[PDB]
Amino acid sequence: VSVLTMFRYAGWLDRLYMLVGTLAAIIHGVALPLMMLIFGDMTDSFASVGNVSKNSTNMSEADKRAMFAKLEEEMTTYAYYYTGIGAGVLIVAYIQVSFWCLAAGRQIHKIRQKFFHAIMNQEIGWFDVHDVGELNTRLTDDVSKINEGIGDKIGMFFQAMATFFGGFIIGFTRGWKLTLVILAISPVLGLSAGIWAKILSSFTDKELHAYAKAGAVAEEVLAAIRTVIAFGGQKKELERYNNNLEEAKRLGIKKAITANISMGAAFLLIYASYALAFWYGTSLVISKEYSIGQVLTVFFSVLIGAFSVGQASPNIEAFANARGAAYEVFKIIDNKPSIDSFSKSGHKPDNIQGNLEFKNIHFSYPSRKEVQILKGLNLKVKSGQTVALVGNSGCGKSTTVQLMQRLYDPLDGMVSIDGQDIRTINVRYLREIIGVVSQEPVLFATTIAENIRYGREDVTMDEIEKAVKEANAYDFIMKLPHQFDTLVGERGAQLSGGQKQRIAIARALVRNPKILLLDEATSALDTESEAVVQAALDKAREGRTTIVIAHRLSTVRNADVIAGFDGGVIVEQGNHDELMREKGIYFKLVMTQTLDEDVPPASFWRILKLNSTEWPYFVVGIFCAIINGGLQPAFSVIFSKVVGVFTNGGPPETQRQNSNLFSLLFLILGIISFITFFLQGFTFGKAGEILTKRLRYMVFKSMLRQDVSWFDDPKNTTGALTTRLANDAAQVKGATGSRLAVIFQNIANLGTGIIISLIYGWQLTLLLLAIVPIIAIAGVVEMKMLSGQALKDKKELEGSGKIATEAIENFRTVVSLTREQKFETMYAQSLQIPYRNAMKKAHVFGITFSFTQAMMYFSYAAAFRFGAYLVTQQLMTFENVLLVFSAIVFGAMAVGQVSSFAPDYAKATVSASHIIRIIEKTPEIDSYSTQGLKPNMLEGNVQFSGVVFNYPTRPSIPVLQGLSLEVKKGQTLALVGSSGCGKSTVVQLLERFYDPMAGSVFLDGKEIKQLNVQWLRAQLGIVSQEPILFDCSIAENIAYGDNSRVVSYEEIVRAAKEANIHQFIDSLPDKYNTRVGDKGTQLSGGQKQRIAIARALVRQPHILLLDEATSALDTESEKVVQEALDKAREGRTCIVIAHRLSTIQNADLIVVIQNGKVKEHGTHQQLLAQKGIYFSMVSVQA
Ligand SMILES: [Hg+2]
Ligand SMILES: [Hg+2]
Ligand SMILES: [Hg+2]
Ligand SMILES: [Hg+2]
Ligand SMILES: [Hg+2]
Ligand SMILES: [Hg+2]
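What follows is the structure, given as structure tokens:
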């Protein structure tokens, strides 16, 4: 079912090219061993010449002619063969790559449109359940994975098995024993991979749990940053994060060490197998004469067949993970379970004037177990009326409105519009006959003309005009620039909410429904605009049967009929007077209410500087890189010598020669290889480990010691910072790894390859390095062109995805239903551009890889043609021919190196650039000295003079302009302003979060500028709006060590005693030792505030600061907390900016701050006796 068959579905003509491409992938994979079968045949003919050169030379003139004639024949075979295979792999590569794009393109585009349709066709279900909107984005990433699954990855898979099965085929066919030997040594290679699976996979996960502790500490500190800053508890958070880092690093070292050990054993088994393969390959020639040394290399090509399984595994994982992600959700992704709504058919009533009927309706939202919110209902409103509903116990009114649009089919009973059931009539038509003005208006990002046009697609500006005129929306739009062509700026949030709703009214007005549903449309709006929108609603009524729910009973007064519920069942119904008459529910309520990142700057060799500072010395790492570096070419020399004594050499000692080279190849390569992998792993493992620690430490610490809009007003976030701390330090660990990688391959290829090249017949080196770097560049340009396509594709789907996410995230598109098909139609038109683009990139993806494989034969071409033949005949021996393989494999060796181990620099360098720019910091105000703390400074009189300030946004209309205040010690400084900030900013400047732009601020009369940054924050009573405690024992929270300040039990006792939180301290288990229970989820606001107050008065500040402390709070809690504050303050300087003017009535100096400039100031009775702003504030506060 869904696992295999369904995944590939449809694609009638697609499947044909799918199979053609598959076939070309097969013959492509087949091509590689055939090129290597040729290699054994070419070796034999090439071999026979050397035998006469060493031994006989009986006749001379004959050999210079005939042997080379034979060589020329081999030149002819060389030429038609490498070429035949080359043209083959060129064509078939272009085809097999054409497979992804051509098949997957149509498959995925079909998936895309069907997915978008099923998504819009599930209706209610999507908003009720699943991941609540955030899911289908991820899902379009899933269809992107689908795109990755059915692509050429499969073609590569068949190619791989073709090289595998075909490799072993040729192996068995031209001899059967060595294949068998290699297969016997083969499972050993699979066992070594077992070290990988147990240790490596586990230790990644092991280390993560360790740093998880470090992440939690870093998570909260950076979120609680202004609090820890204000209290200066930084160095302690420093300490915790350092301990957790200390554990995470030791799990890091075990990971690196073991990893390198594993890869090391892998190479052991590789050189071991390679050698044993030579021992049995050699045993078949000298004392036997089966192989002439032809097949011996081809049987190694059977090892290329062994590499083909390793090349196969990722493609399967690419198919499976794409398959698995798609098919499990594909049944849910696609089709249409639906059938409570759908889109189509049904019954069309044309009578269009009717009576709504609710009959015995029992319903529960499909949250299931929730008790029926509506259990039974009977309500019937005659045509032309306006019915108003009210309730107490909750939901159940909104439910009836929800049911009326058939958003939910009732469990029992029926809703009948006119005489017909609602379930008979067409859903689309039903939605079209029912207009709805919701409590929360919504405007799509488009013109107001289009937002209306979403009400009805086919419409003209005359109807738009009459619409807004009828919605009285024709005023603000005219004054608004661009008129009807006026965009809704910054997505859909631009203008007044009353205007938004009013526009929504015009939109529903174009709909011209005979039923109008108003759910709290007036709610959450200012009273004036409330009355305006209300007027629009009133002009929209009486021509339409309607139902209105709101919490302002003034609008409920003029309703023809009002309905009470209390538990979901209808109880009272009738005219207003009748309801007040009943002294019921209505009368009861009436009387009751009376991660964008990455700046340009780059490291430039500065990485190794921080490394060397934290990497004290390691010459053993680089030395290990040298001996492994020189280890690879030893192989190329040895291998040359193996076949070397077979071609050029005499009959005696050949057996011994093979034994010696076998053993030399085994221990000299394999053992030393184990040594170097375990040694470097032992070096760079601890190197990168401690680098990751010291880096993460000095980062989190460089971060905590700087604030200044990195925290106060950042474009950053807590998560981005934690991410910085983890990932980046891991990357600089790779940055350090690349150094050793570079010196290693430096001596490994260039140095030894060149030195060895000096002993050549010359001439070969130049031609060889005229190839390898070029094909290397071809490998670079392949990845680059690849990323260019990835980016352009992602940008196109980006735009289509943006407008798609716009559709799916807004569920109200269903209330008009006009936009159901309209949105996916436009989106279809959006998806159209990349589709046509796909065939073009089909050729792009297609021709490139073909050309890449076109370099396969050309490498072998220039190699053996010019290598053998013409270079041969003078100064050419058993070496320098196989040394071709040396310098060639050396280039490939580097490839192996670059495409493995540490990250491809890049991200490492960049992450390093950030982690470095962060550790450099911008210390500004940090700790240092800056003052002496005269004992006599305990006064507390805060001066402000000519102070201007702006948060770091220049044209933000700065909150401080020309501001000056004063407060004497031991007295209350009241503060009042319009709302929000400029209130708080004074407090922040006193906290010295930022030193003001101009003017000055004083505490004892000294300038804050000249005051100690720390000691200024040493006496402050700062208590914020929403108090946040360090996660710790509440006793330990109460006492925050400033510097040397010890945890004092009797002191924190005095703290609780003063804060009146001692109530909870007395009771509850452990008393003071009760922890807050995961960020104080067990405590209410009054308690948290009491504790925060205790945090303040432990410090014994001469200055207390309250920023709208009781603003968010309620009932008695405000009084007991205010009482605590009052017993804490008035003995010392305090500033209360709270918006509560009833408790501000007792103050020494009340200050009204307008626009940066203090307007009025004086005691309550003084300003109140006066008249102006303050008097307005109290009069409207009442
Ligand atoms: Hg593709
Ligand atoms: Hg509910
Ligand atoms: Hg090494
Ligand atoms: Hg602000
Ligand atoms: Hg804590
Ligand atoms: Hg106060």
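Residue numbers for the sequence shown, in the authors' numbering: 33 to 626, 684 to 1271.
Yeah, the Cβ is synthetic: ideal placement off N, Cα and C, and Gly gets one too.
According to DSSP, is residue i helix, strand or coil?
i: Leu388; result: strand
i: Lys891; result: helix
i: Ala1087; result: strand
i: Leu541; result: helix
i: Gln962; result: coil
i: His1191; result: coil
i: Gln1032; result: strand
i: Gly378; result: coil
i: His241; result: helix
i: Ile1180; result: helix
i: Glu360; result: helix
i: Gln605; result: strand
i: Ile535; result: helix
i: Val35; result: coil
i: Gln452; result: strand
i: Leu857; result: helix
Keeping to the same chain, check which residues put their C-beta closer than 6 angstroms to that of residue i; ignore five residues upstream and five downstream.
i: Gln526; result: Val520
i: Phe190; result: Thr54, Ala57, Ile58
What is the C-beta distance between residue i and residue j, in whole angstroms, given that I count them as a contact (C-beta under 8 angstroms)?
i: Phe390; j: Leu409; result: 5 angstroms
i: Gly265; j: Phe1082; result: That belief does not hold up - the Cβ atoms of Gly265 and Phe1082 are roughly 16 angstroms apart, past 8 angstroms.
i: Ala242; j: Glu269; result: Between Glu269 and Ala242 the Cβ distance is about 18 angstroms, and since that is not below 8 angstroms, they are no contact.
i: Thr577; j: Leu388; result: 6 angstroms
i: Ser377; j: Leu443; result: Not quite, the Cβ-Cβ distance comes to about 24 angstroms (not below 8 angstroms), so this is no contact.
i: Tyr949; j: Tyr114; result: 5 angstroms
Taking 8 angstroms as the limit between beta carbons, can you name the residues of its chain near residue i, skipping five residues before and five after?
i: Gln145; result: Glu913, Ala917, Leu920
i: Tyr1263; result: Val1065, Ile1239, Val1241, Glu1249, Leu1256, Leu1257
i: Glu898; result: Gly165
i: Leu1230; result: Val1065, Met1266, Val1267, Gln1270
i: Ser791; result: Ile1007, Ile1008, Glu1009, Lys1010
i: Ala477; result: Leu519, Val520, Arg523, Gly524, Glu895
i: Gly888; result: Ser919
i: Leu557; result: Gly529, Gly530, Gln533, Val565
The beta strand (DSSP E) spanning residue i covers which residue range?
i: residue 674; result: The model of the chain omits the segment between 626 and 684, and residue 674 is among the residues lacking coordinates.
i: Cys1223; result: 1222-1225
i: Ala1063; result: 1061-1066
i: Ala420; result: 418-421
i: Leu1238; result: 1238-1243
i: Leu548; result: 547-551
i: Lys1246; result: 1246-1251
i: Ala595; result: 593-595
Taking just the CA atoms, how far does residue j sit from residue i?
i: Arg47; j: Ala135; result: 7 angstroms
i: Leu45; j: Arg925; result: 18 angstroms
i: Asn1235; j: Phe516; result: 54 angstroms
i: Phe1038; j: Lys1072; result: 12 angstroms
i: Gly82; j: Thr108; result: 20 angstroms
i: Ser846; j: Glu239; result: 46 angstroms
i: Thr998; j: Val124; result: 39 angstroms
i: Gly770; j: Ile293; result: 7 angstroms
i: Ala983; j: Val726; result: 17 angstroms
i: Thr736; j: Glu871; result: 39 angstroms
i: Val1187; j: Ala1217; result: 11 angstroms
i: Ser1000; j: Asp817; result: 5 angstroms
Going by DSSP, what residue range makes up the alpha helix (DSSP H) through residue i?
i: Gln721; result: 720-736
i: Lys267; result: 266-315
i: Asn816; result: Unbroken run through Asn816: none, as it is neither H nor E.
i: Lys1168; result: Segment: none, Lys1168 is in no alpha helix (DSSP H) and carries neither H nor E.
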